[PDB]
Structure formats: structure tokens, C-alpha cells
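Down below is the structure, laid out as C-alpha cells.
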Amino acid sequence: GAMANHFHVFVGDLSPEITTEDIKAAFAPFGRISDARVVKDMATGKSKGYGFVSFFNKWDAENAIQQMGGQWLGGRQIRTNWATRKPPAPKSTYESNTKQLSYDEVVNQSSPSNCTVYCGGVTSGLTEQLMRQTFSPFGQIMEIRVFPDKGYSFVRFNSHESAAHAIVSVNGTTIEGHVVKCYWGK
Numbered sequence: 089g090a091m092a093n094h095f096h097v098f099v100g101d102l103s104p105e106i107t108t109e110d111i112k113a114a115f116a117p118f119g120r121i122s123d124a125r126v127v128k129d130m131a132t133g134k135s136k137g138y139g140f141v142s143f144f145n146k147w148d149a150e151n152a153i154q155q156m157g158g159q160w161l162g163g164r165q166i167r168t169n170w171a172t173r174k175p176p177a178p179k180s181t182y183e184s185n186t187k188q189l190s191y192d193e194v195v196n197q198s199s200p201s202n203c204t205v206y207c208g209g210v211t212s213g214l215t216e217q218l219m220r221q222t223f224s225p226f227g228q229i230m231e232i233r234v235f236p237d238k239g240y241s242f243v244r245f246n247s248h249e250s251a252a253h254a255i256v257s258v259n260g261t262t263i264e265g266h267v268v269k270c271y272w273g274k
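Heads up, the sequence shown is in the authors' numbering, so the first residue is 89 and it goes up one at a time.
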């Protein structure tokens with residue numbers, strides 16, 4: 089049938105009296121077997137204590153593992169464990185380009201020679217000093233160019249790291265009531 093629904097069970101602790109033929113019969117009522125094999129001695133036909141079974145359907149194998157989970161087959165209880173361990177199919181639980189402010193993502197949004205941050209959203213109180221004092225703890229300032237009338241400013245940093253850091257920190261903050269937005273500028 090479909091290999092996806094075929095399951096291999098690893099059998100162990102087989103009593104020496106047990107043979108390939110025995111597992112076929114023993115496991116058949118619990119699980120439908122396509123084939124079952126005991127690694128047994130060629131001469132005596134006695135089990136070496138282990139083997140494998142191929143079931144036609146997944147439930148059959150699983151049921152058989154449980155029912156034969158140390159069941160008295162032969163003069164002793166045998167062991168079972170699943171060999172073809174069916175993995176569960178995942179889904180996109182993580183990553184699809186998380187939209188947050190990743191410094192790594194932000195720094196790659198511009199060429200490393202660009203040191204300008206575009207600050208927008210500050211329609212009020214927008215002074216050179218206000219931007220300067222805010223941006224300064226994030227990076228070294230070279231220029232502050234402001235336009236309160238248009239509600240934006242250009243913050244010129246000394247370095248690119250400084251500029252990307254400013255964006256990651258300032259983007260989505262609030263300056264005197266106005267929610268600010270920052271990205272790369274010219």
C-alpha cells in the first residue's frame with residue numbers, strides 16, 4: 089500500500105522458541121501484517137531474540153505494540169518498540185519575516201555609507217534640540233535638520249550603526265504626544 093501508512097515495529101526479547109512464522113501468527117489478530125521477520129538461527133530456527141514486522145496500516149502496528157507490550161509470547165514476555173517513527177508534519181509557526189525592529193534587518197535596508205535617519209511624525213515641538221537630545225543617547229549626531237511645518241526631520245549620524253540603532257529605538261515612540269516614525273533618510 090502507501091509506504092506512508094506502512095509501519096515497522098522492532099521486536100525484541102523474543103523467546104528462543106519463537107520463530108518468524110510465530111510472530112506472523114501472533115501479531116496478525118492485532119495488526120495486519122504484510123510481512124514479519126525474526127532474526128533466528130538458520131539451523132535450529134530459534135530466535136536470536138529480535139526481529140521486525142511490517143504492518144499494512146499504522147494503527148495496526150501501534151495497537152500491536154501496545155497489546156504485545158511485554159506479552160507472554162513463548163516462555164517469556166517479549167519486548168516491542170516502534171522503528172519507523174512517524175514524525176508529525178509541522179506548519180509555519182515561526183518566521184515569515186517578523187515585522188519588528190531588528191537591527192540586522194534595519195541596517196540592511198540601506199547602504200552602510202548612509203548615516204541619515206528620517207524622523208517623521210513630529211508636527212509639534214520639533215526643534216533641533218529636541219531631536220538632538222533624543223537621538224544623542226542612541227548615536228553621535230552630526231546634523232539636525234528639522235521641519236515642524238511638514239512634520240519631519242533629518243538626523244545625521246556620525247556612523248551607520250548609530251543611525252540604524254536610532255531607527256530601532258525611535259521608530260514607534262512618542263514625542264510630546266505625537267507618535268513618531270523613523271526609517272532611513274537621505
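All residues carry an ideal CB built from backbone N, CA and C; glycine is no exception.
| Item | Value |
| --- | --- |
| CA-to-CA distance, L102 to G119, given in whole angstroms | 18 Å |
| Assigned secondary structure, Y138 (DSSP; H/G/I helix, E/B strand, else coil) | strand |
| Nearest to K128 (by Cα), restricted to the options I121, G208, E264, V99 | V99 |
| Cβ neighbour criterion (16 or more within 10 Å) applied to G209 | buried |
| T204 beta carbon less than 8 Å from that of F242 | yes |
| DSSP three-state assignment for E183, whether helix, strand or coil | coil |
| Per-residue burial, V267 [other beta carbons within 10 Å of its own, 16 or more giving buried] | exposed |
| With 16 other Cβ atoms within 10 Å as the buried cut-off, status of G227 | buried |
| Pair within 8 Å by beta-carbon distance, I121 and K112 | yes |
| N-terminal and C-terminal residue of the beta strand (DSSP E) that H253 is part of | Not the beta strand (DSSP E): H253 falls in the alpha helix (DSSP H), residues 248-258. |
| Local conformation of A124 per DSSP, three classes | strand |
| Beta carbon of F143 nearer than 8 Å to that of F95 | yes |
| Segment contact, 8 Å Cβ cut-off, at least three pairs: the segment 188-196 with the segment 251-268 | yes |
| Three-pair Cβ contact test at 8 Å for the segment 168-178 versus the segment 145-155 | yes |
| Beta-bridge partners of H96, as assigned by DSSP | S142 |
| Length of the line joining the Cα atoms of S199 and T181 | 32 Å |
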